[PDB]
Amino acid sequence: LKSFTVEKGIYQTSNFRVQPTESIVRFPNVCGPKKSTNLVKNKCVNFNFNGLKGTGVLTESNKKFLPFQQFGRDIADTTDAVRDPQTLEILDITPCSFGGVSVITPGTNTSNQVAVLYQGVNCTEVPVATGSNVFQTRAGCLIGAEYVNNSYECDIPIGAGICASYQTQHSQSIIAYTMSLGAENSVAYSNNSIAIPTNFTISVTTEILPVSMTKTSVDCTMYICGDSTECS
Amino acid sequence: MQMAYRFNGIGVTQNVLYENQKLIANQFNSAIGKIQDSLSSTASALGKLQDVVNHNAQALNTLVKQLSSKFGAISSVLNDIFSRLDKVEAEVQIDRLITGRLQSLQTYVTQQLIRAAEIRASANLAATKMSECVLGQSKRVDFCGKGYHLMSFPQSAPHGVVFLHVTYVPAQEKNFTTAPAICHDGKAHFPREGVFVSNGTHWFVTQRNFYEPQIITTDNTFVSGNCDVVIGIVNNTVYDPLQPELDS
Amino acid sequence: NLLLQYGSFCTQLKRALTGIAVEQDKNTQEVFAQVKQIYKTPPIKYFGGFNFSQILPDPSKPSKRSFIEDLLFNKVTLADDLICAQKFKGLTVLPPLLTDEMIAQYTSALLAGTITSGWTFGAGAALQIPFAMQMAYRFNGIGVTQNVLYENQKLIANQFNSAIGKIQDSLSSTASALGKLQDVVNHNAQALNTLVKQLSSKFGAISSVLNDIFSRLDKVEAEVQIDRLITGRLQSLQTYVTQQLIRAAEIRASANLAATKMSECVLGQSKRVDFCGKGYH
Amino acid sequence: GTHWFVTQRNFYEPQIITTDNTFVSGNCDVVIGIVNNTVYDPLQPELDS
Amino acid sequence: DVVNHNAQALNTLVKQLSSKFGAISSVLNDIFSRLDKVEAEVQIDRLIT
Ligand SMILES: *[C@@H]1O[C@H](CO)[C@@H](O[C@@H]2O[C@H](CO)[C@@H](O)[C@H](O)[C@H]2NC(C)=O)[C@H](O)[C@H]1NC(C)=O
Ligand SMILES: *[C@@H]1O[C@H](CO)[C@@H](O[C@@H]2O[C@H](CO)[C@@H](O)[C@H](O)[C@H]2NC(C)=O)[C@H](O)[C@H]1NC(C)=O
Ligand SMILES: *[C@@H]1O[C@H](CO)[C@@H](O[C@@H]2O[C@H](CO)[C@@H](O)[C@H](O)[C@H]2NC(C)=O)[C@H](O)[C@H]1NC(C)=O
Ligand SMILES: *[C@@H]1O[C@H](CO)[C@@H](O)[C@H](O)[C@H]1NC(C)=O
Ligand SMILES: *[C@@H]1O[C@H](CO)[C@@H](O)[C@H](O)[C@H]1NC(C)=O
Ligand SMILES: *[C@@H]1O[C@H](CO)[C@@H](O)[C@H](O)[C@H]1NC(C)=O
Ligand SMILES: *[C@@H]1O[C@H](CO)[C@@H](O)[C@H](O)[C@H]1NC(C)=O
């Protein structure tokens, strides 16, 4: 934000990437000056298949390919499956997990306790992609908040209905909860009866609407060239 | 009389203002004092106009800071191009700088055009709310104020306008027995206004918004059918106000 | 680092996309969450001879949506896998704040308010009222006296049930009736697919792969070719973000219209001609 | 036919022209294309007391 | 204003073919005739961009 004061809310920060654990090279079983390695499945590694490099989670895929078909591609022509030269069964390739990082905190006017959101990524790998308050959500993993079953109005939105609030917990901490949509009210329908109120009040509310914005105008040569004659 | 007009549009007869006139005025003045306290306390209330100011300031401060961008050139200072180069690459660097600054200016103009379309939509909405609630009474639900609309007052603001919507909310509930019609000696009575209410022993008519019982007469009801046609009909002797006048 | 020389394009692109993303949740909140309390269904189901049972939520469902809601959720074809290759190229999809279970609960609350209380649930507290006088004053809201529907309650009830059955048959039999939502999903899918497919464009350089330029050429000419590739890809991304902004203005106009339709025709009875369908509303 | 009636806007429900459903304004000279009726009053025969 | 916006946009699209955009000439075939193809495609590249 380029500011020394950060207010209350959810704020986007620099993202995170799951780096490859190893590097895997596959060559036919005459190859080049470099030599192949062993296969690693279901983990984030670098891959190489006869020159087709990259980083991906190689899988235990059961894809059926035609015998001449060495590679495959997605609908957007991105390479999704390869034929390993060592093992001619087909391995589907999915490059590793990542996501945007959002910081959920109350304002520095109030406090400096930090809860971190990892959007769309499961908590099974997030703190080693430090923890101590972990909540798993379909919208993404959450570090630094404790889940509370008590439903309230949404303080800071996270995603998939979960909202985070700053409350004393018995002490101040950040706690996540499923949002409350309001109270619950059953109106007993019965055709013998109506219900009409007796006393009425008068109340005043507020509505705010923008009408205009700042008028601006731009000189060509002064902006682009800055009073240079040969630039003009 | 203006309050008698505004109540007349929301299902309230003219007399109901004057029967609570001091109380209505006191509640109105208390609500004005409450919104004085709310505007004095909440410094985050004016979010949209401060957001308009922040949008304009951010757009100008990010267009101005793009002058220092090289856009892949040797420098954004043109005298470095004009003093440390021959012209055959200097024209290439000029082309890069002019194309980058013109692209940034095009981006700023496109952002201003999109935001001007959004601000024009908001200003058309504000002019419609002006013409419908300052110049009239809004018959459209949840347009000016939640509930039955009474007034709205325009207040000037930096790059915008602020309305003070005065609403009408019923508060104290009660339940009564009802009938779609009441049949007296083969005449189904349809009320011209109001719904039949029964307190247990007697039958009354009452307006749908606040409690106002009146004895069911022939003046407030009209007949166009018999007992059989109305489903869920009950019996009561419809009293005739002509009957004391017949004995006069 | 060569993208840093172009400066602050990426930050304002991220700001514009986040301003779209928060606006989507604001649109959903202002369309659906127009009611203070979650009203529930009463056990008495004789709604003046009507049949609201399949617009009301089905209690046998795991996620208790209504039957017509289940039809609309089944008719829309969805990019599920289409989500793989766009994910791998830096494009993410954020989940919506209000899940469809809570949209179902909000619609159930609006239904229970509209059915058990008329249009009074939007102003203050919901209060019970029968349907003979309710549809009679709504019939009085269109210029005919209240006595006609007291005479013809059963005929109008079976007419409304037959119209509900015809809508049920049409939404069971036609997936192409949901054109505009399928147009929204198709537009987003083709925009993302066009954005991913424009990485393959060489943009007049020797290759559309950055490693082919970087790993072999000398540094000045490789910087020239990467500048060409960055200029082409950034022009593509700026065009994508600009078209998303125009589509966001269109979606904002549609969501404001839908919120007005909710607040005027679900929470009331509109006097506008042909605003909520042909004929008197 | 020969019986002039007041009718609602959307449903053909004809009722006899009474003072309960009609109001009076002006004499029968300035208005255009107007006809005759024996206007009933339901309250009128009840007053014999 | 709608008609003038359409005519002005089409005309402004027309005269920017005269804009050389840092290339040697507005006409492509002059660049093809004067130079061989290798630098010519660079000049045409600037024109097309
Ligand atoms: C309607 O409600 C208002 C309050 O909302 C009532 O006004 C109060 O009346 C009591 C008793 O007369 C006073 O002690 C209070 O000072 C009044 N004001 C407030 C703010 O409470 C009013 O009397 C009610 N009217 C009816 C007809 O019930
Ligand atoms: C209201 O209409 C629904 C939809 O036609 C009826 O629900 C059906 O009821 C039959 C008989 O019980 C079942 O065989 C169907 O499977 C039901 N369909 C659905 C979608 O639920 C319902 O019975 C009707 N209610 C009334 C009171 O007539
Ligand atoms: C007015 O229109 C309604 C709607 O069609 C008519 O109701 C139908 O009448 C036919 C013929 O008697 C029946 O076969 C249908 O079953 C009726 N519909 C329903 C839902 O029951 C009605 O008859 C028409 N005429 C009048 C005077 O109301
Ligand atoms: C997280 O991962 C575990 C196993 O890796 C899986 O069972 C669980 O469903 C995942 N969470 C979500 C929300 O999908
Ligand atoms: C109902 O109202 C009448 C007024 O005519 C009154 O005499 C009677 O006591 C009331 N009954 C109850 C139960 O309040
Ligand atoms: C009123 O409600 C009762 C109880 O549900 C029902 O038996 C009765 O038929 C209803 N009457 C009308 C006229 O709807
Ligand atoms: C009303 O009176 C009729 C006879 O005139 C009777 O049949 C009917 O049951 C009465 N209504 C009620 C609710 O008792």
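Please refer to the structure higher up on the page.
To keep things clear, this report deals only with the structure shown in the data block.

Conventions and cut-offs
- Residues numbered from 1 in each chain as written, not as in the entry; some residues may be left out.
- Chains lettered and ligands numbered in written order.
- Part of a larger assembly, values for the part shown.
- Heavy atoms only, no water.
- Helix = DSSP H or I, 4+ residues; strand = E, 2+ residues; numbered from the N terminus.
- Contact = heavy atoms within 4.5 Å.
- Areas by Shrake-Rupley, 256 points an atom, 1.4 Å probe, with all protein chains shown as cover.
- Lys, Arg positive; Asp, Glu negative; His and termini not counted.
- Charge placed at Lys NZ, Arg CZ, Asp CG, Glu CD.
- Near = heavy atom within 4 Å.
- Polar contact = N/O pair within 3.5 Å; in protein donor to acceptor, adjacent residues only side chain to side chain.
- Nonpolar A, V, L, I, M, F, W, Y, C, P; charged D, E, K, R; others polar.
- Expected span 1.5 Å × (residues − 1).
- Disulfide = S-S within 2.5 Å.
- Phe/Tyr/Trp six-rings, centres within 6.5 Å; stacked < 30°, edge-to-face > 60°.
- Buried < 20%, exposed > 50% of the residue type's maximum accessible area, 1.4 Å probe, protein only.
- Buried area = accessible area lost by both parts, 1.4 Å probe.
- Salt bridge = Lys/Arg side-chain N within 4 Å of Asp/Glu carboxyl O.
- Pairing = 2+ DSSP bridges.
- Axes fitted to C-alpha atoms, helices over the stretch in contact; angles between N-to-C directions.
- Parallel < 35°, antiparallel > 145°, perpendicular 65-115°, else oblique.
- Patch = residues over 30% accessible without salt bridge, like charges linked within 9 Å, V, L, I, M, F, W, Y side chains within 5 Å.
- Core = buried A, V, L, I, M, F, W, Y, C linked by side-chain atoms within 4.5 Å.

Let us look at the overall build of chain B. Broken down by element type, chain B carries seven helices and 10 strands. Taken over the C-alpha atoms alone, chain B extends approximately 120 × 45 × 30 Å along its principal axes. A fraction of 48% describes how many contacts in chain B between residues 6 or more apart in sequence connect residues 24 or more apart. Entry remark: accessible area of chain B is about 13,500 Å², with carbon and sulfur atoms responsible for 54%. When the 20 basic and 20 acidic side-chain charges of chain B are each reduced to a single mean position, those positions are 12 Å apart.

On to the site of ligand 2. Residues and elements named next belong to chain C. Around ligand 2, the structure places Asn 51, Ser 53, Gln 54, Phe 67 and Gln 168. Contact between ligand 2 and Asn 51: an oxygen atom at 2.4 Å from a side-chain N or O atom of the residue. Coverage of ligand 2 by the protein chains reaches 29% of its 580 Å² of free accessible surface. Considered class by class, the residues forming the shell around ligand 2 number one nonpolar, four polar and no charged.

A few words now on helix 8 (residues 179-197) of chain C. Relative to the 27 Å expected for 19 residues at 1.5 Å per residue, helix 8 of chain C spans 26 Å between its end C-alpha atoms, a close match to the ideal helical length. At its buried positions, helix 8 of chain C is contacted by helix 3 (83-87) and helix 10 (219-266) of chain C.

A few words on the state of the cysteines. Joining two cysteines, a disulfide is a covalent bond between their sulfur atoms. All names here are of chain A. Here the structure, examined in full by the defined rule, presents seven disulfides over all chains. Put simply, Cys 44 and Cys 96 are joined by a disulfide, and their sulfur atoms are 2.0 Å apart. Its S-S torsion of about 95° marks the bond between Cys 44 and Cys 96 as right-handed, since a negative value means left-handed. Of this pair, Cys 44 sits in strand 2 (residues 44-49) while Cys 96 sits in the loop between strand 6 (90-94) and strand 7 (98-105), and the two are 52 residues apart along the sequence.

To continue, consider the environment of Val 109 of chain B. Within the secondary structure, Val 109 of chain B is located in helix 6 (residues 87-134). Taking C-alpha positions, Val 109 of chain B is 9.9 Å from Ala 59 of chain B, a pair spaced 50 residues apart along the chain.

Turning our eyes to something else, we now look at the site of ligand 1. Surveying the vicinity of ligand 1 reveals the residues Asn 199 of chain A together with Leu 23 and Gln 172 of chain B. Neighbouring residues of ligand 1 are not confined to one chain but are distributed across chains A and B. Between ligand 1 and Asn 199 of chain A, the relevant distance is 2.3 Å, taken from an oxygen atom to a side-chain nitrogen or oxygen of the residue. Coverage of ligand 1 by the protein chains reaches 24% of its 580 Å² of free accessible surface.

A full pass over the atoms with the stated rule returns 21 aromatic pairs over all chains. A centroid spacing of 5.9 Å and a plane angle of 45° characterise the contact between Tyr 189 of chain A and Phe 47 of chain C, whose relative ring orientation is tilted. Here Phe 47 of chain C lies in the loop between strand 1 (38-40) and helix 2 (67-75) and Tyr 189 of chain A lies in the loop between strand 15 (184-186) and strand 16 (193-195), a pairing that spans two chains. For the pair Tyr 189 of chain A and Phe 47 of chain C, one class covers both residues: buried. Members of the aromatic cluster, connected to one another through ring pairs, are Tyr 189 of chain A together with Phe 47, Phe 50, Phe 52, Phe 131 and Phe 160 of chain C.

Facing eight residues of chain C, the contacting portion of chain D comprises five residues. Both sides of the chain C and chain D interface together cover about 510 Å² of buried area, and 50% of this is carbon and sulfur. In this structure, the connection of chain C to chain D is made through zero salt bridges. Where chain C touches chain D, the interface holds two residue pairs in polar contact. Counted by class, the side of chain C that touches chain D contains four nonpolar, three polar and one charged residues.

Next up on the list: the sheet that holds strand 5 (residues 187-191) of chain B. The mixed open sheet is built from four strands, whose spatial order is 9-5-4-10 (chain B). Since the sheet does not close on itself, it has two edges, and those belong to strand 9 (221-225) and strand 10 (234-235) of chain B, each with one partner.

This brings us to the pairing of strand 18 (residues 207-210) of chain A. Moving residue by residue along a regular strand, the side chains alternate between the two faces of the sheet. By the alternation rule, side chains of strand 18 of chain A split into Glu 207 and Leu 209 of chain A and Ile 208 and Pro 210 of chain A, which are all buried. Where strand 18 of chain A meets strand 2 (residues 160-172) of chain B, four bridges bridge the pair, whose relative direction is antiparallel. Within strand 2 of chain B, the residue paired with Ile 208 of chain A across the bridge is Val 162 of chain B.

In this fold, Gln 93 of chain B is placed in helix 6. Not counting the four nearest positions on each side in its chain, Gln 93 of chain B is found in contact with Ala 73, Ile 74, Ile 81 and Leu 85 of chain B.

Contacts between the two partners involve 65 residues from chain B, matched on the other side by 32 residues from chain A. The junction of chain B with chain A conceals about 4,700 Å² of combined surface from both sides, 64% of it contributed by carbon and sulfur atoms. The closest approach of N and O atoms between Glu 207 of chain A and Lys 129 of chain B, which form a salt bridge, is 2.6 Å. Those elements giving two or more residues to the side of chain B that touches chain A turn out to be helix 3 (21-41), helix 4 (47-64), helix 5 (78-83), helix 6, strand 2, strand 3 (175-177) and strand 6 (195-198) of chain B. Here the side of chain B that touches chain A gets 14 residues from one element, more than from any other, and that element is helix 6 of chain B. For the side of chain B that touches chain A, the residue count by class is 41 nonpolar, 17 polar and seven charged.

Residues and elements named next belong to chain B. Look at helix 4 against helix 6: their axes get within 10 Å of each other, and the N-to-C directions meet at 170°. The orientation of helix 4 relative to helix 6 falls into the category roughly antiparallel. The segment helix 4 lies against helix 6, with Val 52, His 55, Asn 56, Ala 59, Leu 60 and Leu 63 engaging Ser 104, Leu 105, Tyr 108, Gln 112, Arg 115 and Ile 119. Residues of the contact of helix 4 with helix 6, tallied by class, amount to seven nonpolar, four polar and one charged.

Before going further, it helps to examine helix 1 (residues 9-32) of chain C. Over its 24 residues, helix 1 of chain C runs 35 Å from end to end, which matches the ideal 34 Å to within 8%, given 1.5 Å per residue. Within helix 1 of chain C, burial applies to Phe 9, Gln 12, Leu 13, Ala 16, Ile 20, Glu 23, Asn 27 and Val 31 of chain C.

This part covers the pattern of salt bridges. Evaluated as defined, the whole model comprises 20 salt bridges over all chains. The salt bridge involving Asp 45 of chain E is made with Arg 228 of chain C; its shortest N-O contact spans 2.7 Å. You can see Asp 45 of chain E sitting in helix 3 (residues 37-48) and its partner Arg 228 of chain C sitting in helix 10, one on each of two chains. Residue classification places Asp 45 of chain E among the buried positions, given a relative accessible area of 18%. A relative accessible area of 24% places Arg 228 of chain C in the partly exposed class.

A few words now on the arrangement of the chains. Where the seven pairs of chains in contact are concerned, the greatest contact count is recorded for chains A and B. Left apart from each other, chain D and chain E have a closest C-alpha approach of 43 Å.

Another aspect to go through is a nonpolar patch on the surface. Together, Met 1, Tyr 5 and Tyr 18 of chain B give the surface a local cluster of nonpolar side chains, amounting to about 420 Å² of exposed area. Positionally, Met 1 of chain B belongs in the segment before helix 1 (2-8).

What follows concerns unusual backbone geometry. For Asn 50 of chain A, which is not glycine, the phi torsion reads 55° and is therefore positive. Along the chain, the position of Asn 50 of chain A falls in the loop between strand 2 and strand 3 (52-58). Accessibility expressed as a relative area gives 38% for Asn 50 of chain A, which makes it partly exposed. The backbone of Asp 185 of chain B shows a phi angle near 55°, a positive value even though the residue is not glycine. With respect to the element layout, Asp 185 of chain B can be found in the loop between strand 4 (182-184) and strand 5.

Residues and elements named next belong to chain C. Viewed as axis vectors pointing N to C, helix 8 and helix 10 meet at an angle of 170°, and their least axial separation amounts to 10 Å. Classed by the angle they form, the pair helix 8 and helix 10 counts as roughly antiparallel. Counted together, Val 184, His 187, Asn 188, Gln 190, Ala 191, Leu 192 and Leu 195 of helix 8 and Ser 236, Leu 237, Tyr 240, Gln 244, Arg 247 and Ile 251 of helix 10 form the full contact between these two elements. Taken together, the residues of the contact of helix 8 with helix 10 sort by class into seven nonpolar, five polar and one charged.

Membership of the largest hydrophobic core comes to 33 residues, with the highest contact counts inside it found for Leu 78, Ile 81 and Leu 97 of chain B together with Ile 213, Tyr 240, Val 241 and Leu 245 of chain C. If you list the elements that add at least two residues to this core, you get helix 5 and helix 6 of chain B together with helix 1, helix 8 and helix 10 of chain C. Counting residues per element, this core draws most heavily on helix 10 of chain C, which supplies nine residues. Not counting residues within four places of it along the chain, the set of residues in contact with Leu 245 of chain C comprises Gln 111 and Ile 114 of chain B together with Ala 16 and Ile 20 of chain C.

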